[PDB]
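Here is the file run29.cif (mmCIF, C-alpha atoms and all ligand atoms).
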```cif
data_query
loop_
_atom_site.label_atom_id
_atom_site.label_comp_id
_atom_site.auth_asym_id
_atom_site.auth_seq_id
_atom_site.Cartn_x
_atom_site.Cartn_y
_atom_site.Cartn_z
CA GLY A 1 95.66 93.00 98.52
CA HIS A 2 92.57 92.71 100.72
CA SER A 3 92.91 91.79 104.40
CA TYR A 4 90.18 91.59 107.02
CA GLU A 5 92.53 92.77 109.78
CA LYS A 6 93.71 95.88 107.95
CA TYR A 7 91.98 98.97 106.61
CA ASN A 8 91.55 98.67 102.84
CA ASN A 9 91.49 101.54 100.36
CA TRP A 10 88.53 101.96 98.02
CA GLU A 11 90.12 100.31 94.98
CA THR A 12 90.67 97.27 97.17
CA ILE A 13 87.20 97.32 98.72
CA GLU A 14 85.68 97.59 95.26
CA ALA A 15 87.73 94.64 93.98
CA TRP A 16 86.64 92.75 97.09
CA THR A 17 82.91 93.29 96.46
CA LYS A 18 83.36 91.70 93.04
CA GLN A 19 85.51 88.86 94.35
CA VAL A 20 83.41 87.87 97.37
CA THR A 21 80.31 87.91 95.17
CA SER A 22 81.98 85.68 92.56
CA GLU A 23 83.07 83.25 95.27
CA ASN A 24 79.62 83.00 96.84
CA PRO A 25 76.99 83.08 94.05
CA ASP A 26 74.13 81.61 96.08
CA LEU A 27 74.80 83.71 99.17
CA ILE A 28 75.78 87.10 97.73
CA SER A 29 74.58 89.38 94.93
CA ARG A 30 76.10 92.76 94.10
CA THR A 31 74.42 95.82 92.64
CA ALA A 32 75.15 99.53 92.63
CA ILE A 33 72.44 101.82 93.99
CA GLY A 34 73.96 105.02 92.64
CA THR A 35 77.14 106.95 91.91
CA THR A 36 78.99 109.39 94.16
CA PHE A 37 79.65 113.04 93.37
CA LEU A 38 83.04 112.02 91.96
CA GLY A 39 81.72 109.08 89.98
CA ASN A 40 82.41 106.09 92.19
CA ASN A 41 79.92 103.22 92.34
CA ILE A 42 77.93 102.81 95.53
CA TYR A 43 77.87 99.03 95.83
CA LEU A 44 75.27 97.15 97.82
CA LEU A 45 75.69 93.49 98.71
CA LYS A 46 72.61 91.33 99.18
CA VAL A 47 73.63 88.58 101.58
CA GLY A 48 71.31 85.62 102.13
CA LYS A 49 69.83 82.50 100.56
CA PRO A 50 67.55 83.72 97.77
CA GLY A 51 63.86 83.05 98.19
CA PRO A 52 60.40 84.58 97.61
CA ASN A 53 59.17 87.47 99.75
CA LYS A 54 62.04 87.42 102.24
CA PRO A 55 62.27 90.12 104.93
CA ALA A 56 65.54 92.05 105.15
CA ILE A 57 67.86 93.93 107.46
CA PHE A 58 69.70 96.92 105.98
CA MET A 59 73.15 97.82 107.29
CA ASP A 60 75.50 100.51 106.02
CA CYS A 61 79.05 101.47 106.89
CA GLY A 62 81.26 104.39 106.01
CA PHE A 63 78.80 107.28 106.26
CA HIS A 64 81.72 109.25 107.65
CA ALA A 65 85.06 109.06 105.90
CA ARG A 66 87.40 109.09 108.91
CA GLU A 67 85.56 106.32 110.77
CA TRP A 68 87.64 103.51 109.29
CA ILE A 69 86.61 100.80 111.74
CA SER A 70 83.07 101.15 110.33
CA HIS A 71 84.11 100.19 106.78
CA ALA A 72 86.14 97.36 108.25
CA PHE A 73 83.10 95.99 110.05
CA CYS A 74 80.89 95.61 106.99
CA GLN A 75 83.64 93.58 105.32
CA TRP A 76 84.14 91.43 108.41
CA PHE A 77 80.40 90.79 108.59
CA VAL A 78 80.22 89.49 105.02
CA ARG A 79 83.03 86.98 105.53
CA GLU A 80 81.52 85.73 108.78
CA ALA A 81 78.21 85.15 107.02
CA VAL A 82 79.71 83.10 104.20
CA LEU A 83 82.20 81.22 106.39
CA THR A 84 79.66 80.10 108.97
CA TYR A 85 76.55 79.49 106.85
CA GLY A 86 75.75 75.79 107.07
CA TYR A 87 77.88 75.38 110.20
CA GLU A 88 76.64 77.79 112.85
CA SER A 89 72.92 77.38 113.56
CA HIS A 90 71.98 81.03 114.05
CA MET A 91 73.70 82.52 111.01
CA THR A 92 72.37 79.60 108.96
CA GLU A 93 68.85 80.44 110.15
CA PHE A 94 69.43 84.16 109.56
CA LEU A 95 70.51 83.75 105.94
CA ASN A 96 67.79 81.18 105.24
CA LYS A 97 65.04 83.43 106.57
CA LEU A 98 66.14 86.96 105.74
CA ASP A 99 68.43 88.97 103.49
CA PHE A 100 71.07 91.35 104.80
CA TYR A 101 71.61 94.37 102.58
CA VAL A 102 75.18 95.42 103.33
CA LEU A 103 76.40 98.73 101.94
CA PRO A 104 80.16 98.56 102.54
CA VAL A 105 80.96 102.24 102.00
CA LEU A 106 78.41 105.00 101.46
CA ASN A 107 80.71 108.03 101.41
CA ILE A 108 83.29 106.71 98.96
CA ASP A 109 84.62 110.11 97.88
CA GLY A 110 85.33 111.15 101.46
CA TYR A 111 86.89 107.78 102.27
CA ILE A 112 89.30 108.11 99.36
CA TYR A 113 90.16 111.61 100.59
CA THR A 114 91.11 110.24 104.02
CA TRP A 115 93.54 107.91 102.24
CA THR A 116 95.02 110.53 99.94
CA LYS A 117 94.86 113.98 101.57
CA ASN A 118 93.23 114.29 104.98
CA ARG A 119 92.87 111.41 107.45
CA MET A 120 90.36 113.42 109.48
CA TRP A 121 87.93 114.21 106.66
CA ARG A 122 84.26 113.59 107.53
CA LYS A 123 81.91 114.93 104.90
CA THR A 124 81.28 114.12 101.25
CA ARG A 125 83.43 115.85 98.64
CA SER A 126 80.77 117.71 96.65
CA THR A 127 81.26 121.35 95.67
CA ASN A 128 79.22 124.20 97.14
CA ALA A 129 77.92 127.27 95.34
CA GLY A 130 79.54 130.57 96.26
CA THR A 131 82.44 129.08 98.22
CA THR A 132 85.57 126.97 97.89
CA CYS A 133 84.60 124.95 100.97
CA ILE A 134 83.89 121.30 100.17
CA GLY A 135 81.37 118.74 101.28
CA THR A 136 78.17 118.06 103.19
CA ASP A 137 77.77 115.93 106.30
CA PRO A 138 75.82 112.94 104.93
CA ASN A 139 74.31 112.32 108.36
CA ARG A 140 72.88 115.82 108.45
CA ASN A 141 71.45 115.48 104.95
CA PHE A 142 68.32 113.35 105.47
CA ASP A 143 64.74 114.63 105.61
CA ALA A 144 64.37 114.30 109.38
CA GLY A 145 63.77 117.65 111.03
CA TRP A 146 66.31 118.67 108.41
CA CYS A 147 68.90 121.23 109.54
CA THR A 148 66.95 122.35 112.61
CA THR A 149 69.45 121.40 115.31
CA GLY A 150 73.00 120.13 115.73
CA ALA A 151 73.72 121.08 112.13
CA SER A 152 75.30 124.00 110.27
CA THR A 153 74.08 125.97 107.26
CA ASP A 154 77.69 126.91 106.43
CA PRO A 155 79.43 124.67 103.83
CA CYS A 156 82.74 125.31 105.60
CA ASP A 157 81.60 123.49 108.75
CA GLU A 158 81.91 119.78 109.55
CA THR A 159 78.17 119.37 110.14
CA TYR A 160 76.96 121.26 107.05
CA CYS A 161 73.47 119.97 106.35
CA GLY A 162 73.79 120.60 102.62
CA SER A 163 71.81 122.83 100.26
CA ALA A 164 68.69 120.72 100.84
CA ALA A 165 67.70 117.33 102.23
CA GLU A 166 69.14 114.57 100.01
CA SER A 167 71.19 117.14 98.08
CA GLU A 168 74.03 114.60 98.03
CA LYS A 169 73.95 111.88 95.38
CA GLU A 170 74.99 109.39 98.06
CA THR A 171 72.18 110.14 100.50
CA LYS A 172 69.60 110.42 97.72
CA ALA A 173 70.70 106.99 96.47
CA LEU A 174 70.36 105.45 99.92
CA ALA A 175 67.00 107.08 100.58
CA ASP A 176 65.75 106.00 97.16
CA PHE A 177 66.77 102.40 97.76
CA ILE A 178 65.18 102.23 101.19
CA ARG A 179 62.01 103.96 100.01
CA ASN A 180 61.88 101.39 97.19
CA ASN A 181 62.09 98.44 99.58
CA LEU A 182 60.03 99.46 102.62
CA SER A 183 57.86 96.34 102.40
CA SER A 184 60.85 94.10 103.18
CA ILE A 185 63.28 96.14 105.28
CA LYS A 186 62.53 95.41 108.94
CA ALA A 187 65.55 97.00 110.60
CA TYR A 188 68.07 99.72 109.76
CA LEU A 189 71.58 99.57 111.22
CA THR A 190 74.10 102.32 110.49
CA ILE A 191 77.68 101.77 111.61
CA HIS A 192 79.85 104.61 112.94
CA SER A 193 82.70 105.28 115.35
CA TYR A 194 83.64 106.08 117.96
CA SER A 195 82.08 106.10 121.47
CA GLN A 196 80.93 102.56 122.19
CA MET A 197 77.20 103.29 122.11
CA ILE A 198 74.00 102.05 120.59
CA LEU A 199 71.62 104.90 119.82
CA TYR A 200 68.03 104.81 118.64
CA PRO A 201 65.65 107.65 117.70
CA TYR A 202 65.28 110.44 118.11
CA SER A 203 68.20 112.79 117.68
CA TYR A 204 66.45 115.58 115.80
CA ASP A 205 63.99 116.12 118.65
CA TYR A 206 63.75 115.18 122.34
CA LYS A 207 60.47 113.37 121.75
CA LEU A 208 60.67 109.61 122.20
CA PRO A 209 59.76 106.96 119.60
CA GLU A 210 56.49 105.13 120.14
CA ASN A 211 58.36 101.88 120.81
CA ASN A 212 61.13 103.40 122.92
CA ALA A 213 60.67 100.97 125.81
CA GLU A 214 61.22 98.07 123.42
CA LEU A 215 64.20 99.70 121.72
CA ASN A 216 65.76 100.42 125.10
CA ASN A 217 65.38 96.78 126.19
CA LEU A 218 66.75 95.60 122.84
CA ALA A 219 69.76 97.92 123.02
CA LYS A 220 70.36 96.89 126.62
CA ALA A 221 70.39 93.22 125.67
CA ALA A 222 72.61 93.86 122.66
CA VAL A 223 75.27 95.70 124.65
CA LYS A 224 75.42 93.08 127.39
CA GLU A 225 75.87 90.50 124.62
CA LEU A 226 78.70 92.54 123.12
CA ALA A 227 80.39 92.75 126.53
CA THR A 228 80.65 88.96 126.93
CA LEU A 229 83.66 88.67 124.64
CA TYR A 230 86.16 91.25 125.91
CA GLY A 231 84.31 93.24 128.57
CA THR A 232 83.81 96.23 126.29
CA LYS A 233 81.25 98.60 127.80
CA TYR A 234 78.63 100.27 125.62
CA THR A 235 76.09 102.84 126.72
CA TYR A 236 72.75 103.19 124.95
CA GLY A 237 69.63 105.30 124.60
CA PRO A 238 67.76 107.75 122.34
CA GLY A 239 70.22 109.91 120.43
CA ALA A 240 69.28 113.40 121.62
CA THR A 241 69.80 112.81 125.35
CA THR A 242 72.34 110.01 125.09
CA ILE A 243 74.98 111.78 122.99
CA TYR A 244 73.66 115.04 121.52
CA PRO A 245 70.72 116.48 119.55
CA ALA A 246 71.29 116.52 115.77
CA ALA A 247 68.86 116.70 112.84
CA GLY A 248 68.94 115.08 109.42
CA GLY A 249 70.30 111.69 110.48
CA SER A 250 69.52 108.50 108.58
CA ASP A 251 68.52 106.51 111.66
CA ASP A 252 65.75 108.99 112.49
CA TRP A 253 64.66 109.21 108.86
CA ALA A 254 64.52 105.44 108.41
CA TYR A 255 62.49 105.10 111.61
CA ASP A 256 59.96 107.69 110.41
CA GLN A 257 59.67 105.72 107.17
CA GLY A 258 58.29 102.94 109.35
CA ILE A 259 61.37 100.84 110.03
CA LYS A 260 60.76 100.28 113.72
CA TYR A 261 64.18 98.92 114.59
CA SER A 262 66.65 101.66 113.70
CA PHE A 263 70.04 101.92 115.40
CA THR A 264 73.22 103.91 115.11
CA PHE A 265 76.22 101.90 116.31
CA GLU A 266 79.26 103.74 117.61
CA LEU A 267 82.16 101.28 117.81
CA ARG A 268 85.50 101.45 119.69
CA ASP A 269 86.97 103.23 121.29
CA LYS A 270 86.15 105.96 123.82
CA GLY A 271 88.74 108.49 122.74
CA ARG A 272 92.22 107.12 123.40
CA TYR A 273 92.68 106.57 119.67
CA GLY A 274 89.34 107.94 118.53
CA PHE A 275 88.99 107.70 114.75
CA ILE A 276 92.51 106.39 114.33
CA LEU A 277 91.76 103.00 115.88
CA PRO A 278 94.78 100.68 115.51
CA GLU A 279 94.50 97.88 112.95
CA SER A 280 95.48 95.59 115.82
CA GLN A 281 92.00 96.21 117.26
CA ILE A 282 89.95 95.41 114.15
CA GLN A 283 89.49 91.69 114.87
CA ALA A 284 88.41 92.12 118.50
CA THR A 285 86.20 95.10 117.67
CA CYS A 286 84.47 93.29 114.81
CA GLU A 287 84.15 90.07 116.81
CA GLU A 288 82.28 91.70 119.70
CA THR A 289 80.18 93.87 117.37
CA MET A 290 79.01 90.74 115.53
CA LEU A 291 77.45 89.51 118.77
CA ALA A 292 75.32 92.64 119.06
CA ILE A 293 74.33 92.63 115.38
CA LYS A 294 73.37 88.96 115.59
CA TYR A 295 71.38 89.47 118.78
CA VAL A 296 69.44 92.26 117.10
CA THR A 297 68.96 90.15 113.98
CA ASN A 298 67.56 87.21 115.92
CA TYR A 299 65.22 89.51 117.85
CA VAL A 300 63.93 91.14 114.67
CA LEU A 301 63.39 87.70 113.13
CA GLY A 302 61.30 86.82 116.17
CA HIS A 303 59.13 89.89 115.62
CA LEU A 304 58.11 89.73 111.96
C1 LIG A 401 82.48 110.31 117.55
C2 LIG A 401 81.13 110.02 116.88
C3 LIG A 401 79.99 110.11 117.91
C4 LIG A 401 80.92 110.97 115.68
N1 LIG A 401 80.70 112.34 116.15
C5 LIG A 401 81.35 113.40 115.68
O1 LIG A 401 82.28 113.33 114.86
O2 LIG A 401 80.97 114.60 116.24
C6 LIG A 401 81.49 115.82 115.66
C7 LIG A 401 80.71 116.98 115.78
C8 LIG A 401 81.31 118.26 115.84
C9 LIG A 401 80.51 119.42 116.02
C10 LIG A 401 79.10 119.30 116.13
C11 LIG A 401 78.49 118.03 116.07
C12 LIG A 401 79.29 116.87 115.89
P1 LIG A 401 79.56 110.49 114.54
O3 LIG A 401 79.71 109.06 114.20
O4 LIG A 401 79.60 111.47 113.44
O5 LIG A 401 78.20 110.68 115.36
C13 LIG A 401 76.98 110.60 114.61
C14 LIG A 401 76.68 111.94 113.93
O6 LIG A 401 76.93 112.99 114.57
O7 LIG A 401 76.23 111.89 112.76
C15 LIG A 401 75.78 110.13 115.48
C16 LIG A 401 75.98 109.55 116.76
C17 LIG A 401 74.86 109.08 117.50
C18 LIG A 401 73.55 109.20 116.96
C19 LIG A 401 73.36 109.78 115.68
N2 LIG A 401 72.11 109.89 115.16
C20 LIG A 401 71.62 111.05 114.63
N3 LIG A 401 70.55 111.01 113.83
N4 LIG A 401 72.18 112.24 114.91
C21 LIG A 401 74.48 110.24 114.96
ZN ZN A 402 79.93 108.94 112.14
#
```
Would you give me this structure, written as structure tokens?
Amino acid sequence: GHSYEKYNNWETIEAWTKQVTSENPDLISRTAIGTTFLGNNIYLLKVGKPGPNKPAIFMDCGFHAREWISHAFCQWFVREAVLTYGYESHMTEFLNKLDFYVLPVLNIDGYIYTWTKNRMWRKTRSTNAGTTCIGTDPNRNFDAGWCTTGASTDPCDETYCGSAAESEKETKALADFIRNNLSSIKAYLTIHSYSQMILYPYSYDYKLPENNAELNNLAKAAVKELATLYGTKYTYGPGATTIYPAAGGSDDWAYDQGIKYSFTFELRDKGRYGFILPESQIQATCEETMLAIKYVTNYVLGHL
């Protein structure tokens, strides 16, 4: 069964998307935006009070299979939204005024693989011509300085950029959806672990985004907000210099589509447990992360 303080396998997460939608008909709608290489449905949840011409924030989790706390966060977020709507003033305002598109798990095939075969799997599970090596790094697969730096052209490597940009059904589906909704999507938030950072563009080059001063101030405010709960310290900055240069990432691509608020979140911890973050830390991790996501949401709402 589904728990919010445990990591849930895909069958359970899928059942949950159907259940939470059924239980909250005027706050949540479910669609699928594509299928994975292995035929799983890429569900997207539209969270918000329906209305005409509403702006939106897009958030995805589970780009990378082994980053389990990411998947956990998208599920936590959805419950918080439906539990507190009508009671907590900010979330009530958020859901009245905008829609959150929440994509609980992008890389479903890899996630399943981390449950069944290899806890440390990262990439998708697509096949590659001329080799037995499996998978492409979805966050090297977007059309953003594609495969020029911090990526591999070898399918056997963890950062394989794929045979071409959007070669993966999963990344094509995500790009297609975002391209189809550019008029409404005002921010892009992509949830990863670990490192306790908020990154903004660019990672594929050392050039800075036009609005980098604003993004820096926004990230700064968001991390200090996060720290209020448990003292957790996040660093922040443009990807290339803050963590490492790397091309083909979705945050850079979304920004260059015109989504001016584009962030990669790296959640707990800083390496003690790394990707294998204890379930005992899910609640506290999600709780503090909510504060940063809500700060960003309120700021974006104030700049429409
Ligand atoms: C621990 C955490 C930072 C993860 N990093 C990771 O597994 O690094 C492994 C690795 C191994 C060899 C070469 C490069 C990278 P990840 O979540 O995969 O980091 C993102 C990524 O590399 O896709 C990441 C972190 C910060 C910013 C961005 N943005 C971007 N467009 N590159 C992307
Ligand atoms: Zn990641």
task: Could you tell me, counting all atoms listed in the file, which protein and nucleic acid residues lie no more than 6 Å from ligand ZN 402 (chain A), written as a PyMOL selection string?
output: chain A and resi 64+192-193
query: Of the candidates A:127, A:184, A:107, A:70, which one gets nearest to residue 277 in chain A if we count only C-alpha atoms?
result: A:70
Compile a residue-level contact table for chain A against ligand LIG 401 (chain A) at a cut-off of 7 Å, reporting for every qualifying residue the shortest atom pair and its distance in Å to one decimal, with all atoms listed in the file counted, rows ordered by chain and ascending number, as a Markdown table.
```
| residue | atom | partner | partner_atom | distance |
| --- | --- | --- | --- | --- |
| A:64 | CA | A:LIG401 | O4 | 6.6 |
| A:139 | CA | A:LIG401 | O7 | 4.8 |
| A:140 | CA | A:LIG401 | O7 | 6.7 |
| A:150 | CA | A:LIG401 | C11 | 5.9 |
| A:151 | CA | A:LIG401 | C11 | 6.9 |
| A:158 | CA | A:LIG401 | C8 | 6.5 |
| A:159 | CA | A:LIG401 | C10 | 6.1 |
| A:192 | CA | A:LIG401 | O3 | 4.6 |
| A:193 | CA | A:LIG401 | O3 | 5.0 |
| A:194 | CA | A:LIG401 | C1 | 4.4 |
| A:195 | CA | A:LIG401 | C3 | 5.8 |
| A:199 | CA | A:LIG401 | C18 | 5.5 |
| A:202 | CA | A:LIG401 | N3 | 6.8 |
| A:203 | CA | A:LIG401 | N3 | 4.8 |
| A:204 | CA | A:LIG401 | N3 | 6.4 |
| A:239 | CA | A:LIG401 | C18 | 4.9 |
| A:243 | CA | A:LIG401 | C17 | 6.1 |
| A:245 | CA | A:LIG401 | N4 | 6.5 |
| A:246 | CA | A:LIG401 | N4 | 4.5 |
| A:247 | CA | A:LIG401 | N4 | 5.9 |
| A:248 | CA | A:LIG401 | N3 | 6.2 |
| A:249 | CA | A:LIG401 | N3 | 3.4 |
| A:250 | CA | A:LIG401 | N3 | 5.9 |
| A:251 | CA | A:LIG401 | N3 | 5.4 |
| A:252 | CA | A:LIG401 | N3 | 5.4 |
| A:264 | CA | A:LIG401 | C18 | 5.6 |
| A:266 | CA | A:LIG401 | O3 | 6.3 |
```
Can you build me a table of range 24-131 of chain A residues sitting at most 9 Å from range 168-181 of chain A, with the closest atom pair per residue and its distance in Å to one decimal, using only C-alpha atoms, sorted by chain and residue number, as a tab-separated table?
```
residue	atom	partner	partner_atom	distance
A:33	CA	A:173	CA	6.0
A:34	CA	A:173	CA	5.4
A:35	CA	A:169	CA	6.8
A:36	CA	A:170	CA	5.6
A:37	CA	A:169	CA	6.2
A:42	CA	A:170	CA	7.6
A:58	CA	A:178	CA	8.5
A:106	CA	A:170	CA	6.5
A:107	CA	A:170	CA	6.8
A:108	CA	A:170	CA	8.8
A:124	CA	A:168	CA	7.9
A:126	CA	A:168	CA	7.6
```
Next, dump the selected residues to file, keeping only C-alpha atoms, as a PDB file, in the coordinates of the input.
```pdb
ATOM      1  CA  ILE A  33      72.440 101.820  93.990  1.00  0.00           C
ATOM      2  CA  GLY A  34      73.960 105.020  92.640  1.00  0.00           C
ATOM      3  CA  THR A  35      77.140 106.950  91.910  1.00  0.00           C
ATOM      4  CA  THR A  36      78.990 109.390  94.160  1.00  0.00           C
ATOM      5  CA  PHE A  37      79.650 113.040  93.370  1.00  0.00           C
ATOM      6  CA  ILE A  42      77.930 102.810  95.530  1.00  0.00           C
ATOM      7  CA  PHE A  58      69.700  96.920 105.980  1.00  0.00           C
ATOM      8  CA  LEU A 106      78.410 105.000 101.460  1.00  0.00           C
ATOM      9  CA  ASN A 107      80.710 108.030 101.410  1.00  0.00           C
ATOM     10  CA  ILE A 108      83.290 106.710  98.960  1.00  0.00           C
ATOM     11  CA  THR A 124      81.280 114.120 101.250  1.00  0.00           C
ATOM     12  CA  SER A 126      80.770 117.710  96.650  1.00  0.00           C
TER      13      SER A 126
END
```
query: What is the distance, in Å and to one decimal place, between CA of residue 66 in chain A and CA of residue 274 in chain A?
result: 9.9 Å
message: Restricting the calculation to all atoms listed in the file: of A:295, A:206, A:68, A:100, which residue gets closest to residue 30 in chain A?
response: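 For residue 30 in chain A, the nearest of the given residues is A:100.
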- request: Give the answer as one residue: which of A:136, A:12, A:53, A:196 has the shortest atom-to-atom distance to residue 121 in chain A, using only C-alpha atoms?
  value: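 Smallest separation from residue 121 in chain A among the options: A:136.
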message: Taking 2 positions as the minimum chain separation for residues in the same chain, which residues sit within 7 Å of residue 143 in chain A when counting all atoms listed in the file? Answer as an MDAnalysis selection string.
response: chainID A and resid 141 145:146 165 248 253
A:213, A:69, A:105, A:57 ranked by distance to residue 280 in chain A, top pick (using all atoms listed in the file):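 Among the listed residues, the smallest separation from residue 280 in chain A belongs to A:69.
Our summary of the geometry notes that CA of residue 90 in chain A is positioned 9.6 Å from CA of residue 297 in chain A.
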field: Å distance separating CA of residue 94 in chain A from CA of residue 301 in chain A, one decimal place
entry: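 For CA of residue 94 in chain A relative to CA of residue 301 in chain A, the distance reads 7.9 Å.
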message: What's around range 267-270 of chain A at 12 Å? Count only C-alpha atoms, leave out sequence neighbours fewer than 6 positions away in its own chain, and write the answer as a PyMOL selection string.
response: chain A and resi 61+67-73+190-199+223+226+230+232-236+276-279+281-290+292-293
- request: Using only C-alpha atoms, find the one residue out of A:60, A:11, A:210, A:157 that sits nearest to residue 189 in chain A.
  value: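 Ranking A:60, A:11, A:210, A:157 by distance to residue 189 in chain A, first place goes to A:60.
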